[PDB]
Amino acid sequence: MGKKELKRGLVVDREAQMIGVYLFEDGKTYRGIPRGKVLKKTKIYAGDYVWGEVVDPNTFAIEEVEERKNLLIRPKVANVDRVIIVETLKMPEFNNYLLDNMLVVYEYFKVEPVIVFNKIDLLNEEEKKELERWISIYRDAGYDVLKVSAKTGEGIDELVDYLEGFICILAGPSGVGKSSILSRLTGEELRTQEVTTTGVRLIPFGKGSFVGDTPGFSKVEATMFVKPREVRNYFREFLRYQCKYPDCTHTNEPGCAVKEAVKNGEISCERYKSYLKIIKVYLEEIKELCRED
């Protein structure tokens, strides 16, 4: 009456001047038009949830922007529920140190990762066992991990179920299959540059999910975004110990609980070594903690 017909939408397209809004009520995308003065020093990004009014079959007047829970810087997208870090045991060769760096970075940006090992169709019997070994390490560390083959399609349905209702972004090094997976999910190709004015686009797919058509990080050094002294707050399996020993850096402290956990097999030598490498600390003691595997 004096009140507007407010409806909820999601910004799925954001280029220079334009805003594309996916209206949840009908699944249609409308041209979004901000309405108001605070509302233009109010930055609106892909991923932002908005409330507004449908003005006509092709236009939606944006009245409010919901507070966002996170904001990634590549691509520039708000409210990401899962960063899908695509990895492969081989082709390319898995690099656990770089995956650990990437996990630290996404934990810092406050986005939950899901590790997806692709190309399982290429593995021999011994490689399958090695892959299971890495999967156990990451699951024990506290992360969700899935296996898929974008080539055969195996595991893709399980991934779609896992991603229900989520806004997602694909990340991982070149060649792991990010574009192949996006193709399985949406029939679309991952956008790059030219074999600079791209924009961000979220593509609806599966059970009410959305995935970006541009990727997240490929290979990243955690300290480009996280202070070295803060890296320890982003190793998931360290957190229970840090709750009782808030100041322990897990470096030269002789009775460090994390080192004890590594010695007893509760924390993997692989993850602990990545931690020390990231903060650039060499410990002679590592030879005594890591010698069984």
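Start at 1 and count along the sequence shown; that's the residue number.
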| property | result |
| --- | --- |
| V195 to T196: deposited residues without atomic coordinates | 4 to 9 |
| 12-20 versus 278-286 - greater average Cα B-factor per the deposited record | 12-20 |
| Between 269-277 and 21-29 (mean CA B-factor, as deposited), the higher | 21-29 |
| Selection from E66, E63, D247, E260 [criterion: highest C-alpha temperature factor in the record] | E63 |
| Among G187, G206, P173, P215 - the residue whose C-alpha B-factor is largest in the record | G187 |
| Position of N118 among the chain's modelled residues by C-alpha B-factor, lowest, middle or highest third | lowest |
| Third of the chain's Cα B-factor distribution that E126 belongs to, per the entry | highest |
| Chain-relative CA temperature factor third for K76 | highest |
| Third of the chain's Cα B-factor distribution that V200 belongs to, per the entry | highest |
| Relative C-alpha B-factor of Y49, binned into the chain's lowest, middle or highest third | lowest |
